[PDB]
>>> print(open('upload.txt').read())   # compact mmCIF, N, CA and C atoms
# COMPACT_ATOMS: atom_id res chain seq x y z
N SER K 210 57.46 31.30 -123.53
CA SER K 210 58.62 31.71 -122.75
C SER K 210 59.35 32.85 -123.46
N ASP K 211 58.57 33.70 -124.11
CA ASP K 211 59.09 34.69 -125.03
C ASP K 211 59.68 35.87 -124.27
N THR K 212 60.34 36.76 -124.99
CA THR K 212 60.98 37.90 -124.36
C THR K 212 60.79 39.17 -125.18
N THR K 213 60.76 40.29 -124.48
CA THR K 213 60.59 41.60 -125.08
C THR K 213 61.92 42.34 -125.11
N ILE K 214 62.30 42.82 -126.29
CA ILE K 214 63.56 43.51 -126.51
C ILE K 214 63.27 44.97 -126.82
N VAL K 215 63.85 45.86 -126.02
CA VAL K 215 63.75 47.31 -126.18
C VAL K 215 65.07 47.82 -126.73
N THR K 216 65.01 48.60 -127.81
CA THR K 216 66.19 49.18 -128.45
C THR K 216 66.11 50.71 -128.39
N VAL K 217 67.17 51.35 -127.90
CA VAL K 217 67.14 52.78 -127.66
C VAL K 217 68.39 53.43 -128.26
N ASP K 218 68.34 54.76 -128.38
CA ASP K 218 69.54 55.53 -128.71
C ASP K 218 70.60 55.27 -127.65
N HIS K 219 71.87 55.30 -128.09
CA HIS K 219 72.99 55.07 -127.17
C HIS K 219 72.96 56.07 -126.02
N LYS K 220 72.61 57.33 -126.31
CA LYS K 220 72.48 58.33 -125.27
C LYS K 220 71.37 58.01 -124.28
N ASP K 221 70.40 57.17 -124.65
CA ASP K 221 69.34 56.79 -123.72
C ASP K 221 69.59 55.46 -123.05
N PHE K 222 70.67 54.75 -123.40
CA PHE K 222 70.83 53.39 -122.91
C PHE K 222 70.98 53.36 -121.39
N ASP K 223 71.88 54.17 -120.85
CA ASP K 223 72.17 54.06 -119.42
C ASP K 223 70.92 54.32 -118.58
N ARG K 224 70.20 55.41 -118.85
CA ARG K 224 68.97 55.67 -118.10
C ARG K 224 67.93 54.59 -118.36
N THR K 225 67.78 54.14 -119.62
CA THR K 225 66.86 53.03 -119.90
C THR K 225 67.28 51.78 -119.13
N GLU K 226 68.59 51.51 -119.06
CA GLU K 226 69.08 50.36 -118.31
C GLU K 226 68.69 50.46 -116.84
N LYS K 227 68.92 51.65 -116.26
CA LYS K 227 68.59 51.92 -114.86
C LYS K 227 67.10 51.73 -114.62
N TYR K 228 66.27 52.32 -115.48
CA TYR K 228 64.83 52.23 -115.27
C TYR K 228 64.35 50.79 -115.35
N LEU K 229 64.77 50.06 -116.38
CA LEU K 229 64.26 48.71 -116.57
C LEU K 229 64.76 47.77 -115.49
N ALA K 230 65.98 47.98 -114.99
CA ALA K 230 66.49 47.15 -113.91
C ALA K 230 65.69 47.35 -112.63
N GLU K 231 65.26 48.59 -112.38
CA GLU K 231 64.50 48.91 -111.18
C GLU K 231 63.01 48.63 -111.32
N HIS K 232 62.44 48.64 -112.53
CA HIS K 232 60.99 48.56 -112.69
C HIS K 232 60.46 47.33 -113.42
N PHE K 233 61.30 46.54 -114.09
CA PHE K 233 60.88 45.32 -114.77
C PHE K 233 61.92 44.25 -114.51
N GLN K 234 61.69 43.05 -115.05
CA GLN K 234 62.69 41.99 -114.89
C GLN K 234 63.69 42.04 -116.03
N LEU K 235 64.75 42.82 -115.84
CA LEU K 235 65.84 42.93 -116.81
C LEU K 235 66.66 41.65 -116.85
N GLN K 236 66.78 41.06 -118.04
CA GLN K 236 67.53 39.83 -118.25
C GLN K 236 68.89 40.08 -118.89
N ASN K 237 68.92 40.38 -120.19
CA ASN K 237 70.15 40.63 -120.94
C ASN K 237 70.25 42.08 -121.41
N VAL K 238 71.47 42.49 -121.75
CA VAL K 238 71.73 43.80 -122.34
C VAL K 238 72.78 43.63 -123.43
N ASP K 239 72.67 44.42 -124.49
CA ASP K 239 73.69 44.49 -125.54
C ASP K 239 73.91 45.99 -125.80
N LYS K 240 74.78 46.60 -124.99
CA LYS K 240 74.94 48.05 -125.04
C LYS K 240 75.45 48.52 -126.40
N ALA K 241 76.31 47.73 -127.04
CA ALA K 241 76.89 48.13 -128.32
C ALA K 241 75.81 48.43 -129.35
N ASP K 242 74.74 47.63 -129.35
CA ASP K 242 73.61 47.78 -130.27
C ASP K 242 72.40 48.42 -129.62
N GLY K 243 72.49 48.79 -128.34
CA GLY K 243 71.41 49.48 -127.67
C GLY K 243 70.23 48.62 -127.28
N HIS K 244 70.40 47.30 -127.15
CA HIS K 244 69.31 46.38 -126.84
C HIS K 244 69.23 46.07 -125.36
N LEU K 245 68.00 45.96 -124.85
CA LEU K 245 67.74 45.49 -123.50
C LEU K 245 66.60 44.49 -123.57
N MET K 246 66.80 43.32 -122.97
CA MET K 246 65.82 42.23 -123.02
C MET K 246 65.21 42.07 -121.63
N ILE K 247 63.89 42.12 -121.56
CA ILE K 247 63.14 41.98 -120.32
C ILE K 247 62.12 40.88 -120.51
N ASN K 248 61.42 40.54 -119.42
CA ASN K 248 60.34 39.57 -119.51
C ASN K 248 59.25 40.10 -120.45
N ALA K 249 58.62 39.20 -121.18
CA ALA K 249 57.68 39.61 -122.22
C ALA K 249 56.58 40.50 -121.64
N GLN K 250 56.31 41.60 -122.33
CA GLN K 250 55.19 42.47 -122.00
C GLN K 250 54.13 42.21 -123.06
N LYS K 251 52.95 41.72 -122.65
CA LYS K 251 51.91 41.45 -123.64
C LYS K 251 51.31 42.75 -124.16
N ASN K 252 51.27 43.78 -123.31
CA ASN K 252 50.75 45.10 -123.63
C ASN K 252 51.86 46.10 -123.35
N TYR K 253 52.22 46.90 -124.36
CA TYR K 253 53.38 47.79 -124.27
C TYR K 253 53.09 49.13 -123.62
N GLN K 254 51.86 49.40 -123.20
CA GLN K 254 51.51 50.77 -122.82
C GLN K 254 52.35 51.25 -121.64
N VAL K 255 52.46 50.42 -120.59
CA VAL K 255 53.11 50.86 -119.36
C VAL K 255 54.58 51.17 -119.61
N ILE K 256 55.30 50.28 -120.31
CA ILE K 256 56.71 50.54 -120.55
C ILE K 256 56.89 51.76 -121.45
N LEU K 257 56.06 51.90 -122.48
CA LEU K 257 56.25 53.03 -123.38
C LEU K 257 55.93 54.33 -122.67
N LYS K 258 54.91 54.32 -121.81
CA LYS K 258 54.58 55.53 -121.07
C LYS K 258 55.69 55.89 -120.10
N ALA K 259 56.21 54.91 -119.37
CA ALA K 259 57.23 55.22 -118.37
C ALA K 259 58.50 55.76 -119.02
N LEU K 260 58.94 55.14 -120.13
CA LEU K 260 60.12 55.64 -120.82
C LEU K 260 59.88 57.04 -121.39
N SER K 261 58.65 57.32 -121.83
CA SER K 261 58.34 58.65 -122.35
C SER K 261 58.48 59.71 -121.26
N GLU K 262 58.08 59.39 -120.04
CA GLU K 262 58.26 60.30 -118.92
C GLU K 262 59.73 60.62 -118.65
N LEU K 263 60.64 59.75 -119.08
CA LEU K 263 62.08 60.02 -119.03
C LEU K 263 62.58 60.71 -120.28
N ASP K 264 61.66 61.14 -121.15
CA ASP K 264 62.01 61.66 -122.47
C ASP K 264 62.79 60.61 -123.26
N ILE K 265 62.39 59.35 -123.12
CA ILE K 265 63.00 58.25 -123.86
C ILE K 265 61.96 57.59 -124.77
N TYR K 266 62.29 57.48 -126.06
CA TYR K 266 61.41 56.85 -127.04
C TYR K 266 62.19 55.78 -127.78
N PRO K 267 61.77 54.52 -127.71
CA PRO K 267 62.56 53.44 -128.32
C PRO K 267 62.72 53.62 -129.82
N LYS K 268 63.91 53.29 -130.31
CA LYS K 268 64.08 53.07 -131.74
C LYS K 268 63.26 51.88 -132.20
N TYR K 269 63.11 50.88 -131.33
CA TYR K 269 62.41 49.66 -131.69
C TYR K 269 61.96 48.95 -130.42
N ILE K 270 60.91 48.14 -130.55
CA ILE K 270 60.48 47.24 -129.48
C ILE K 270 59.82 46.03 -130.14
N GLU K 271 60.19 44.84 -129.69
CA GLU K 271 59.69 43.62 -130.32
C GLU K 271 59.77 42.47 -129.33
N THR K 272 58.96 41.45 -129.60
CA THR K 272 58.88 40.26 -128.76
C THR K 272 59.23 39.03 -129.58
N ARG K 273 60.29 38.32 -129.19
CA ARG K 273 60.64 37.09 -129.89
C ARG K 273 59.58 36.02 -129.63
N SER T 210 59.60 41.58 -143.81
CA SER T 210 58.75 42.50 -143.06
C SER T 210 58.24 43.62 -143.98
N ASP T 211 56.99 43.51 -144.42
CA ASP T 211 56.46 44.47 -145.39
C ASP T 211 55.72 45.64 -144.76
N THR T 212 55.08 45.45 -143.60
CA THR T 212 54.21 46.45 -143.01
C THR T 212 54.37 46.56 -141.49
N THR T 213 54.06 47.75 -140.97
CA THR T 213 54.05 48.04 -139.53
C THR T 213 52.62 48.19 -139.03
N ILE T 214 52.28 47.49 -137.95
CA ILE T 214 50.95 47.51 -137.37
C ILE T 214 50.99 48.22 -136.02
N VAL T 215 50.16 49.24 -135.86
CA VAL T 215 50.01 49.98 -134.61
C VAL T 215 48.67 49.58 -134.00
N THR T 216 48.69 49.15 -132.74
CA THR T 216 47.48 48.74 -132.04
C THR T 216 47.27 49.62 -130.82
N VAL T 217 46.07 50.19 -130.70
CA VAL T 217 45.76 51.14 -129.64
C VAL T 217 44.43 50.76 -128.98
N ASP T 218 44.18 51.35 -127.81
CA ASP T 218 42.86 51.25 -127.19
C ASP T 218 41.83 51.87 -128.13
N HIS T 219 40.58 51.37 -128.06
CA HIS T 219 39.51 51.95 -128.87
C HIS T 219 39.43 53.45 -128.63
N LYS T 220 39.62 53.83 -127.38
CA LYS T 220 39.73 55.20 -126.91
C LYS T 220 40.61 56.08 -127.81
N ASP T 221 41.74 55.54 -128.27
CA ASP T 221 42.78 56.28 -128.99
C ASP T 221 42.72 56.05 -130.48
N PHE T 222 41.79 55.22 -130.94
CA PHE T 222 41.83 54.77 -132.33
C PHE T 222 41.67 55.95 -133.29
N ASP T 223 40.63 56.77 -133.10
CA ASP T 223 40.34 57.81 -134.09
C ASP T 223 41.50 58.79 -134.23
N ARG T 224 42.00 59.30 -133.09
CA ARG T 224 43.13 60.22 -133.08
C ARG T 224 44.40 59.57 -133.61
N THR T 225 44.68 58.33 -133.20
CA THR T 225 45.82 57.63 -133.79
C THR T 225 45.65 57.48 -135.30
N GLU T 226 44.44 57.14 -135.75
CA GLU T 226 44.19 56.98 -137.17
C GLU T 226 44.43 58.28 -137.93
N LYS T 227 43.92 59.39 -137.40
CA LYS T 227 44.16 60.67 -138.04
C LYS T 227 45.66 60.96 -138.14
N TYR T 228 46.41 60.69 -137.06
CA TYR T 228 47.85 60.97 -137.09
C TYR T 228 48.55 60.10 -138.13
N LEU T 229 48.23 58.80 -138.17
CA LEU T 229 48.98 57.92 -139.05
C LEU T 229 48.71 58.23 -140.52
N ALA T 230 47.46 58.58 -140.85
CA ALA T 230 47.12 58.94 -142.22
C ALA T 230 47.82 60.21 -142.67
N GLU T 231 48.03 61.16 -141.76
CA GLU T 231 48.66 62.42 -142.14
C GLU T 231 50.16 62.27 -142.38
N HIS T 232 50.82 61.30 -141.75
CA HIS T 232 52.28 61.20 -141.84
C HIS T 232 52.80 59.94 -142.52
N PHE T 233 51.97 58.92 -142.72
CA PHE T 233 52.41 57.66 -143.30
C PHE T 233 51.34 57.17 -144.25
N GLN T 234 51.60 56.03 -144.87
CA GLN T 234 50.62 55.43 -145.76
C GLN T 234 49.69 54.53 -144.95
N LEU T 235 48.55 55.08 -144.53
CA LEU T 235 47.57 54.28 -143.82
C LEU T 235 46.93 53.30 -144.80
N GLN T 236 47.06 52.02 -144.52
CA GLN T 236 46.51 51.00 -145.41
C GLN T 236 45.32 50.33 -144.73
N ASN T 237 45.40 49.06 -144.38
CA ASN T 237 44.21 48.48 -143.76
C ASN T 237 44.05 48.97 -142.32
N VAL T 238 42.81 48.85 -141.84
CA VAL T 238 42.43 49.17 -140.47
C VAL T 238 41.48 48.08 -139.95
N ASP T 239 41.55 47.84 -138.64
CA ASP T 239 40.65 46.92 -137.94
C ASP T 239 40.21 47.66 -136.68
N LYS T 240 39.15 48.46 -136.80
CA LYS T 240 38.74 49.27 -135.65
C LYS T 240 38.28 48.39 -134.50
N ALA T 241 37.65 47.25 -134.80
CA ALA T 241 37.16 46.36 -133.75
C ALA T 241 38.29 45.90 -132.82
N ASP T 242 39.47 45.59 -133.38
CA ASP T 242 40.62 45.13 -132.60
C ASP T 242 41.68 46.21 -132.35
N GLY T 243 41.45 47.43 -132.83
CA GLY T 243 42.38 48.53 -132.62
C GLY T 243 43.62 48.52 -133.48
N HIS T 244 43.60 47.87 -134.63
CA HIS T 244 44.78 47.77 -135.48
C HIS T 244 44.78 48.85 -136.56
N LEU T 245 45.95 49.43 -136.82
CA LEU T 245 46.18 50.35 -137.93
C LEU T 245 47.47 49.93 -138.64
N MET T 246 47.40 49.78 -139.95
CA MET T 246 48.52 49.28 -140.74
C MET T 246 49.10 50.41 -141.58
N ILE T 247 50.41 50.62 -141.46
CA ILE T 247 51.10 51.64 -142.22
C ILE T 247 52.26 50.97 -142.94
N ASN T 248 52.90 51.74 -143.82
CA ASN T 248 54.12 51.25 -144.45
C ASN T 248 55.18 50.99 -143.38
N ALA T 249 56.01 49.96 -143.61
CA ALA T 249 56.93 49.46 -142.59
C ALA T 249 57.85 50.54 -142.04
N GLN T 250 57.94 50.62 -140.71
CA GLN T 250 58.81 51.59 -140.06
C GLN T 250 60.03 50.91 -139.45
N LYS T 251 61.20 51.37 -139.88
CA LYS T 251 62.49 50.89 -139.39
C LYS T 251 62.79 51.38 -137.97
N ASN T 252 62.41 52.62 -137.68
CA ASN T 252 62.69 53.29 -136.41
C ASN T 252 61.37 53.84 -135.88
N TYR T 253 61.01 53.47 -134.65
CA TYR T 253 59.71 53.82 -134.09
C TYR T 253 59.68 55.18 -133.38
N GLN T 254 60.79 55.92 -133.31
CA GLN T 254 60.82 57.08 -132.41
C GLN T 254 59.83 58.16 -132.84
N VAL T 255 59.78 58.48 -134.13
CA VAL T 255 58.91 59.57 -134.59
C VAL T 255 57.46 59.30 -134.22
N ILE T 256 57.00 58.08 -134.48
CA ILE T 256 55.61 57.74 -134.18
C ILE T 256 55.36 57.78 -132.67
N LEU T 257 56.29 57.21 -131.88
CA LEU T 257 56.03 57.09 -130.45
C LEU T 257 56.06 58.45 -129.77
N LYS T 258 56.95 59.35 -130.22
CA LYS T 258 56.97 60.70 -129.66
C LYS T 258 55.67 61.42 -129.97
N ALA T 259 55.23 61.34 -131.22
CA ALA T 259 54.06 62.07 -131.66
C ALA T 259 52.82 61.62 -130.92
N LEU T 260 52.63 60.31 -130.81
CA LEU T 260 51.50 59.77 -130.06
C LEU T 260 51.64 60.08 -128.57
N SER T 261 52.87 60.07 -128.05
CA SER T 261 53.05 60.43 -126.65
C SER T 261 52.58 61.85 -126.39
N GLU T 262 52.85 62.76 -127.33
CA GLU T 262 52.36 64.13 -127.17
C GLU T 262 50.84 64.19 -127.10
N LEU T 263 50.14 63.23 -127.70
CA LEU T 263 48.69 63.13 -127.58
C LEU T 263 48.27 62.27 -126.40
N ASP T 264 49.21 61.93 -125.52
CA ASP T 264 48.95 61.04 -124.39
C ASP T 264 48.40 59.70 -124.87
N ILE T 265 48.95 59.21 -125.98
CA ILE T 265 48.57 57.92 -126.54
C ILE T 265 49.78 56.99 -126.51
N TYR T 266 49.58 55.81 -125.93
CA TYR T 266 50.64 54.81 -125.86
C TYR T 266 50.10 53.52 -126.46
N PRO T 267 50.72 53.00 -127.50
CA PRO T 267 50.18 51.82 -128.16
C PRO T 267 50.09 50.66 -127.19
N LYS T 268 49.02 49.88 -127.33
CA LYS T 268 49.03 48.56 -126.71
C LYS T 268 50.11 47.71 -127.34
N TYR T 269 50.33 47.88 -128.64
CA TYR T 269 51.28 47.05 -129.36
C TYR T 269 51.74 47.79 -130.60
N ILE T 270 52.91 47.41 -131.08
CA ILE T 270 53.41 47.88 -132.37
C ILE T 270 54.36 46.82 -132.87
N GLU T 271 54.24 46.45 -134.14
CA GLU T 271 55.07 45.38 -134.66
C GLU T 271 55.19 45.52 -136.16
N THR T 272 56.24 44.91 -136.71
CA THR T 272 56.47 44.94 -138.15
C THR T 272 56.48 43.50 -138.65
N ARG T 273 55.45 43.12 -139.40
CA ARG T 273 55.31 41.77 -139.94
C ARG T 273 55.44 41.77 -141.46
N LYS T 274 55.66 40.57 -141.99
CA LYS T 274 55.52 40.34 -143.42
C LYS T 274 54.04 40.39 -143.79
N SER T 275 53.71 41.17 -144.81
CA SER T 275 52.33 41.23 -145.30
C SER T 275 52.30 41.26 -146.83
>>> encode(input="upload.txt", output="C-alpha cells")
Amino acid sequence: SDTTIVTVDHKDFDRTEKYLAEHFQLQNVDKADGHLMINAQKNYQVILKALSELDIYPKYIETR
Amino acid sequence: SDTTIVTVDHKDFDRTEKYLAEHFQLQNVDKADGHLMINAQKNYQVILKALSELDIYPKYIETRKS
C-alpha cells in the first residue's frame, strides 16, 4: 500500500501539482517542502518523462 | 544512505553507464538487471536533466544504505 513522493523546486510546484492532479492519483501535498504524494509508481519512466516535457526535473523521487 | 542506484532499460544501459562514469563515481554495475551504482546523490536534478537530454528516463532511481 506504498506511495510515491515527488519533490520539486518551489518554482515548479504549482505546475507539477497541476500535472499530477490531472494525470495521476494525487493524494497529499506539502508545498512548504515541495513534496507531492501520488499512488505508487513501480516504474518511474512515464512520470519522469512527462515532467521533463514541462521542463520539470525532480529534486527527489522515492517510494515509502 | 550510502549509495544511489540508477536503473534503466537495457536499451539505455551503455549510454547511461558512460554518462554516470564521466560525472560521478561509478561503482558496481548489474547489466542484467539494468542497475548502476554511483556515490549517493542528495538532489537528482542534474542526473535527470542530463539523461533526459539523451531521451533516457530511468525505470528507477533510489538511494539506499550500502
>>> residues_near_point(input="upload.txt", point="(53.0, 51.2, -133.0)", cutoff="7 Å", atoms="only C-alpha atoms", output="MDAnalysis selection string")
chainID T and resid 214:216 267 269:271
>>> closest_residue(input="upload.txt", among="K:273, K:243, K:218, K:266", to="residue 257 of chain T", atoms="all atoms listed in the file")
K:266
>>> atom_distance(input="upload.txt", atom1="atom CA of residue 233 of chain K", atom2="atom N of residue 248 of chain K")
6.7 Å
>>> closest_atom_pairs(input="upload.txt", of="chain T", to="chain K", cutoff="6 Å", atoms="only N, CA and C atoms", output="CSV")
residue,atom,partner,partner_atom,distance
T:251,C,K:268,C,5.8
T:252,CA,K:268,C,4.5
T:253,N,K:268,C,3.7
T:254,N,K:267,C,4.6
T:266,C,K:254,CA,4.8
T:267,C,K:254,N,4.5
T:268,C,K:253,N,3.7
T:269,N,K:253,N,4.8
>>> closest_residue(input="upload.txt", among="T:260, T:265, T:238, T:249", to="residue 210 of chain T", atoms="all atoms listed in the file")
T:249
>>> atom_distance(input="upload.txt", atom1="atom N of residue 262 of chain T", atom2="atom CA of residue 237 of chain K")
28.8 Å
>>> atom_distance(input="upload.txt", atom1="atom N of residue 235 of chain T", atom2="atom C of residue 215 of chain K")
25.3 Å
>>> residues_around(input="upload.txt", residues="residue 250 of chain T", least_positions_apart="2", cutoff="7 Å", atoms="only N, CA and C atoms", output="ChimeraX atom specification")
/T:211-213,247-248,252-253,272
>>> residues_around(input="upload.txt", residues="residue 249 of chain K", least_positions_apart="4", cutoff="9 Å", atoms="only C-alpha atoms", output="number ranges by chain")
K: 210-214, 272-273
